[PDB]
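Asker: Here you go, one structure.
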Amino acid sequence: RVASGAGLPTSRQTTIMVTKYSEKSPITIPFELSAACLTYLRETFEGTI
Amino acid sequence: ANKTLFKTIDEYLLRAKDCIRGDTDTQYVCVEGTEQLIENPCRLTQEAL
């Protein structure tokens, strides 16, 4: 605030204290796994090449 | 204002500024302008365009 001594008025409130709320915006994405790929991933049958 | 031109130009740059109230749609005469001031060259030159 700047100030003058004229008849026009000045404000006294200094350091206004406001609160701000957040807005939510979630994001999703699926990814798929076939059961054949999962069974060949885990259970190694140790056989051959 | 029938004076010498230096006191006339001091009347121009000091006294000859009207104020008009700036929140109505009709030009009301402002009383005691302490926030704005409407200076008139077209009162000093006494013509119109």
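Chain labels run A, B, ... following the order of the structure tokens; each chain numbers its residues from 1, and ligands are numbered from 1 in the order shown.
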Write out as a tab-separated table the residues of chain A that have any atom within 12 Å of an atom of chain B, one row each with the nearest atom pair and its distance in Å to one decimal, counting only C-alpha atoms, sorted by chain and then rising number.

Answerer:
```
residue	atom	partner	partner_atom	distance
A:4	CA	B:34	CA	10.7
A:5	CA	B:34	CA	10.7
A:6	CA	B:34	CA	7.1
A:7	CA	B:34	CA	6.1
A:8	CA	B:34	CA	5.2
A:9	CA	B:34	CA	8.9
A:10	CA	B:35	CA	11.4
```

Asker: With C-alpha atoms retained, write the just-selected residues as a short mmCIF file (atom, residue, chain, number, x, y, z; two decimals), in the first residue's frame.

Answerer:
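Output file result-v5.cif is given in full below:
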```cif
data_model
loop_
_atom_site.label_atom_id
_atom_site.label_comp_id
_atom_site.auth_asym_id
_atom_site.auth_seq_id
_atom_site.Cartn_x
_atom_site.Cartn_y
_atom_site.Cartn_z
CA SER A 4 -1.29 9.98 1.07
CA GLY A 5 -2.47 12.54 3.58
CA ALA A 6 -5.33 13.81 1.43
CA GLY A 7 -9.05 13.52 2.13
CA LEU A 8 -9.27 10.30 0.12
CA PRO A 9 -9.26 7.31 2.49
CA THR A 10 -6.69 4.60 3.15
#
```

Asker: By how many Å are CA of residue 42 (chain B) and CA of residue 20 (chain B) apart?

Answerer: 15.6 Å

Asker: As a ChimeraX atom specification, please: every residue in chain A that DSSP puts in alpha helix (DSSP H).

Answerer: /A:35-42
